[PDB]
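Before any questions on binding or motion, here is one chain by itself as structure tokens, the form deposited in one PDB entry.
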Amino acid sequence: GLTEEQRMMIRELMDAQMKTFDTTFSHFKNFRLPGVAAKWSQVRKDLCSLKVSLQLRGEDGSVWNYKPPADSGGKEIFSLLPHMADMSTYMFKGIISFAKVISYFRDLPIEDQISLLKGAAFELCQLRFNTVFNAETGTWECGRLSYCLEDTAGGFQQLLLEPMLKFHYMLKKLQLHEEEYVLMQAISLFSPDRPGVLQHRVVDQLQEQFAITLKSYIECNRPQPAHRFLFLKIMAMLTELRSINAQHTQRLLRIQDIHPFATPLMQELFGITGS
């Protein structure tokens, strides 16, 4: 059974999620849209994991649909960078508000709150994006905005080679509850091994508490044989998400060095100083 203090942890996390996750993206406004050396080969490969079409459903009932251009060894590959930067900044703001609401997070020193956010901002955004991912149609449904994957060789199987895309399909197949999602966000946020963290011992003790609560939650509410080892499956996904976060950070900094795109908030989260 869940202890009274374990139920207390879930309530505060669910409360922080309810207050800071705009599930309909109704406040995502004024975003940019596409127009009406060996570094580039890596940059061409880094961005070629896009292949995503975009749909705006109008409030009046109209629909705008965008189909991306093909790779032509030119500049067209940067067409969605400004829009993805605005979407990321919107989600990053939501992640920062989520952590600030949590009491266990607000009680840490300011220097460590910054270090934990800089290290987990991407991972918490991926976990929130998974809850709006439609694995049947390969589409992230962000309210009036939709991001649909376009067919690109070997159907969905040659697309699952992309680690970020494989993560979303595998995490969605576990059919997690809202409480399990917010506990994964807490475990990833309170990672003591993030660079720059001073209170390692405290953040580690908090992370173990969040993992124990998630473990106990699964034992009490999922007795089916399909959910055997579900806690261990979840922790394996969080380990893979940390690896994807490291791969993604390097691809981000390589593109920024060739073609600037990062908003001021992203520059702050990835260490760019402006000089």
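Residues that one form lacks are left out of the comparison. Whichever C-alpha set is largest while still superposing within 1.5 Å between the two forms counts as the rigid core. All residue numbers are counted from 1 along the displayed sequence.
The form solved in complex with a partner chain is left out here; the points below concern that form.
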query: Exercise: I110 in contact with its partner chain in the deposited complex, heavy atom 4.5 Å; finding: yes
query: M84 within 4.5 Å of its partner chain in the deposited complex, heavy atoms; finding: no
query: Partner contact for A135 in the deposited complex: its partner chain, 4.5 angstroms, heavy atom; finding: no
query: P260: touches its partner chain in the deposited complex, heavy atom cutoff 4.5 angstroms; finding: no
query: Once both forms are overlaid on the core, stretches between the shown form and the other one of 3 or more residues with C-alpha shifts of 2 Å or more; finding: 59-63
